[PDB]
Amino acid sequence: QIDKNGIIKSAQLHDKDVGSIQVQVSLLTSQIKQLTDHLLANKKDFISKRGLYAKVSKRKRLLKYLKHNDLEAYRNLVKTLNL
Amino acid sequence: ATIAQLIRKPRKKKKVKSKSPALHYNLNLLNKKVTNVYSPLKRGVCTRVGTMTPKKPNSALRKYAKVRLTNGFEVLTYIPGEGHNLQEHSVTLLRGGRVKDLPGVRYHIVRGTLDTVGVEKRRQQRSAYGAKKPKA
Amino acid sequence: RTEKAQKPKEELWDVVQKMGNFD
Amino acid sequence: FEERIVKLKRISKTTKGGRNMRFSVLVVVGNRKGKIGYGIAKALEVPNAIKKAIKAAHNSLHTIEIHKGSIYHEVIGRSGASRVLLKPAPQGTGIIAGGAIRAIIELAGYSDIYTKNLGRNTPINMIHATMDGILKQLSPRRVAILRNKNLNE
Amino acid sequence: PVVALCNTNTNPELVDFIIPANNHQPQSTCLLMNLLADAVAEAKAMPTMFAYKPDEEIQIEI
Amino acid sequence: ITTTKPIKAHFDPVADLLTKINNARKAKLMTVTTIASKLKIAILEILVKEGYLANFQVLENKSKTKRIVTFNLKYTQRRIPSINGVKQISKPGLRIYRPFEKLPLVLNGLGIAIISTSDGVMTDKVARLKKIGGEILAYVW
RNA sequence: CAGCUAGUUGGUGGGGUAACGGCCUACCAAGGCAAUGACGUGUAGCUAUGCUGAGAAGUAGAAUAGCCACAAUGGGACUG
RNA sequence: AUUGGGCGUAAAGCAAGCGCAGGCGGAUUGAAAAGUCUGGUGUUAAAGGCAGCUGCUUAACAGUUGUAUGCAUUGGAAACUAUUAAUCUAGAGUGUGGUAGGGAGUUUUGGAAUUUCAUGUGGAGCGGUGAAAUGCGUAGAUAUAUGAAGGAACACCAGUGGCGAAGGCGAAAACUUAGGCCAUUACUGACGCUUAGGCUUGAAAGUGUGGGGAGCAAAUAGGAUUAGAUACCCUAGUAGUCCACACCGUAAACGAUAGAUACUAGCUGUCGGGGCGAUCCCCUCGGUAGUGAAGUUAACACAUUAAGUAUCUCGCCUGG
RNA sequence: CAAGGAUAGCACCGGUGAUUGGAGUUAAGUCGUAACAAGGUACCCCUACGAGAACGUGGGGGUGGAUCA
């Protein structure tokens, strides 16, 4: 239910790339949604709250890099959850 | 810790610290400010020149004087010379330094200045504890 | 695989002998 | 074999009634040829402790090299957390050091030295740190031979 | 200098002549003692017992 | 020399060099490994040229992108290593830059300083002679 | 001390002192300085340099002297 | 502390994690030269800082020249601080295969056992410490045996422990499931780490609301040793302890040990992964521990998880 | 051009204060040795309350405890 392989084969940039910054941020966002459902269901899960903060801010760092380095590398990545 | 951690913390040697913060102020009137004029000397008036039981490291009848300087703070000093001319209103000159054998007393007096006479023809002190001219 | 090689270095064999001689 | 003393430590051990006074001493032995040796010992009285320390120090004598006879590279020595810093003094600035530091430097045959003792003033670890600082310096010949490059510059 | 029969539980930074001779296994220690005797024996110009045999006396301790 | 395993990248490469060398001399090791930069290959080569460390092998896997270097530490016939403890000068956050007028001589003409002045790694004497100054990289004496 | 700032900030015409120009005025206006420390806040003329230590720097701006302000305080204007 | 330290026991690591700014960060080519360096020009007025010189009885003291204590400008190299492009991953992490743990929270169930309730009995005690005492009790107490309600936590399993951001988790189970572990060649391809700001949690107490007080117990009531005694103990008993929204967002938050990166023996012993065999006695890499080499420390003592090795960063201690 | 003006509730800085809190030094304290030994009772700490007061218990944390496998 972690969406381990499903989210990784989706946003691939090349023929074989299972660790693409795009698929890393997609996995991070999927895990953030899952862990947010976790946190609303479990308000006293402290460890998961810390892990969720880690994941969301690592996603922020990855997005910052993907805008910093290559435009096209995040031209197909505009699906980040917002609003 | 690294350079930035050592940068985040201030790295500057100030001085050797003392415990005499009442030896800096000498102010004028018509202006509510303290003037710093690198004064080599300060004066004051001792009011409570009496005898109380001193602190433990020395057992005697150590006499003390509550002096007010030219500053605002009022501090306690140790009597200079065998026998004092500090007649409870004497405007004399005050030294620095700390004595560690009296309670509340960590100051000194420039003895001899315009209102004091001590220990003439002494073997040890004659001007720092002001006195007339001795021989060798 | 390697790309450079320079300054071959060797040392004595790993059996310590104090002063090497006492004759 | 001068066997010069530097500091005696007044000590006393508590026992069944009274306190046994066995004050320790530390001596430095040298023969004006660069020989240096430090020895700490203790006994009931001054002469026995001095003799024991003299024997312990003279049991090991060491000579250090002299080239540009100052500590020609800045170095701080610590032996039991005692800072003794020695830095190269030019041969015309005059020697400025502390008494124990002067003794250690001049016993080794050196010249004017830029010394600075820091923090604590207990002479035992002062002597230990000064000895460690002076003796850990390497000779120009040492690097000149150990490195493949023979030139020492 | 020091000559010792170092064991794997010992340290090799202590002896001026490190020799991997076991005392638990006597085949090394007996041989080394005999050959150390024989060195000074031939140094003193007397008949020598060992140090030229392919397999010397089997002094295996029980 | 095939690695048969890739080493893991450090926070910074010069600190990786320092850590590997110091732990090799501490653990009585003779071979050290580090990343391969043009700067770092140059610094290793200039250290070798001054008799500080032994043979160096630059290992490229499939491109200059994945390049490392394995170098042996010099060991004199007296079993004394020529590496007396390497140190870095181009420190991250402590980048010390000395002009030509501020090029020093290591412990009063005993050691060697590594200076990339304007075109490449240069030893102390040639850097003084070349009347050109620049970055000081590492200290080995 | 987390914001400071409505001739402050920009331009057009006019006037303007030692000169083009917000230097100021009429129009239109909301721009302008700052989290990397803006502004307010207390001291301090700045500097060459007096001096101290070995260095980091500190001290005072004093002897001696270079530039602004200063003229009982705030202004206004005179000649120039 | 830039010349010149520590944060386990000294003044001595936020309480911890997450992470923007900041601070710094694997390699590549070539460029801009943003900086670094290079060399020049102007110039930093005089005494003077330094220095050449001059004098007054020497000196004190005064004067002249320059170097200059600074700044503006200038053309270069691309090695270096930072940027540029992409493939390499090798740390960020990710995939496939497997994977241990009481992780956490929420939910579900259960009664061994006590109390109330039901059956009884029974005689003179029970309750308990240091000796006893307060208290319950002939109306039946204590005891005696199970059963419904109740709620607490769940004997051993329990590891020279695992997991866990420290904090904490032990009947069993489920959901989300954080992170631990390798086989990790493969994979975007330096993306990174600390991180004042900020966010969160940080035991438990206690406490606002709804419950039980069955059991415990602060406060409380009594007896008791202290010269009293509130303090040892014992007995009971309100909130509370236990649950949920929770709050205080504090600790002996302990490894008294801040994190991340790269490396460092052996051994002692608990554990995980892959691999291949009966399991221990097999290898590799890691999590939590220790003796101990080198290394470090003021010593005690860290030591593969450092207080090491070096780096990066933040916070703190510059006496009580 | 421009000196100063003052408005009503409002806005700042310094000091004192009838009564004196806390603090540390004082020929010289009683209440206790609570705690340091296992301190005659394990401690101390976070928290709740007692206690004139050491300190105590309630939940939680460890040893800043020990002879001893």
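Residues numbered from 1 in each chain as written, not as in the entry; some residues may be left out. Chains lettered and ligands numbered in written order. Part of a larger assembly, values for the part shown. Heavy atoms only, no water.

Student: Run through the sheet that holds strand β1 (residues 4–9) of chain D, naming residues and quoting values.
Tutor: Two orientations exist for strands paired in a sheet by backbone hydrogen bonds: parallel and antiparallel. Residues and elements named next belong to chain D. The sheet built from 4 strands is open, its strands ordered β1-β4-β5-β6 with antiparallel pairing. Looking at which strands have only one partner, the edges of the open sheet turn out to be β1 and β6 (62–63). Summarising the sheet, strand β5 (residues 35–42) and β6 pair through 2 bridges and their orientation is antiparallel. Bridge pairing links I36 to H62 in β6. Contacts from helix α3 (residues 123–135) reach β1, β4 (24–29), β5 and β6, with the element oriented near 155° to β5. (Pairing = 2+ DSSP bridges. Helix = DSSP H or I, 4+ residues; strand = E, 2+ residues; numbered from the N terminus. Contact = heavy atoms within 4.5 Å. Axes fitted to C-alpha atoms, helices over the stretch in contact; angles between N-to-C directions.)

Student: Account for the interface of chain C and chain F, naming residues and giving values.
Tutor: Taken residue by residue, the interface counts 16 residues in chain C and 22 residues in chain F. Taken together, the two surfaces of chain C and chain F that pack against each other cover about 1600 Å², and 43% of this comes from carbon and sulfur. If you sort the residues of chain C by the area they bury against chain F, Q6, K7 and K9 of chain C come out on top, with a joint share of 40%. Taken together, the links from chain C to chain F amount to 1 salt bridge. Of the charged contacts, one joins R79 of chain F and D14 of chain C as a salt bridge, the two residues approaching to 3.2 Å between their closest N and O atoms. The tally of links from chain C across to chain F stands at 9 residue pairs in polar contact. (Buried area = accessible area lost by both parts, 1.4 Å probe. Salt bridge = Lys/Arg side-chain N within 4 Å of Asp/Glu carboxyl O. Polar contact = N/O pair within 3.5 Å; in protein donor to acceptor, adjacent residues only side chain to side chain.)

Student: For the protein's contact with RNA strand H, give the residues involved together with the corresponding values.
Tutor: Not every one of the 110 residues close to RNA strand H is listed here, only the nearest: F11, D12, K38, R95 and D119 of chain F. Among the atoms of RNA strand H lying within 4 Å of the protein, the sugar-phosphate backbone contributes 70%. Between RNA strand H and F46 of chain A, the relevant distance is 2.7 Å, taken from a base nitrogen to a main-chain nitrogen or oxygen of the residue. Between RNA strand H and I7 of chain F there is a distance of 2.7 Å, counted from a sugar or linking oxygen to a backbone nitrogen or oxygen. Elements with a minimum of two residues in the surface near RNA strand H: α1 (21–41) and α2 (46–69) of chain A, α1 (3–8) of chain B, β8 (83–88) of chain D together with α1 (13–26), α2 (38–49), β3 (67–73) and β10 (134–140) of chain F. (Near = heavy atom within 4 Å.)

Student: Could you give me a rundown of unusual backbone geometry, with the residues and numbers involved?
Tutor: Only a minority of non-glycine residues have a phi that is not negative, and only a minority of peptide bonds are not trans. Residue and element names in this part refer to chain F. Of note in this structure, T4 is not a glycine but carries a positive phi near 65°. Along the chain, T4 falls in the segment before α1. For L107, which is not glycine, the phi torsion reads 35° and is therefore positive. If you trace the backbone, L107 turns up in the loop between β7 (97–98) and β8 (112–116).

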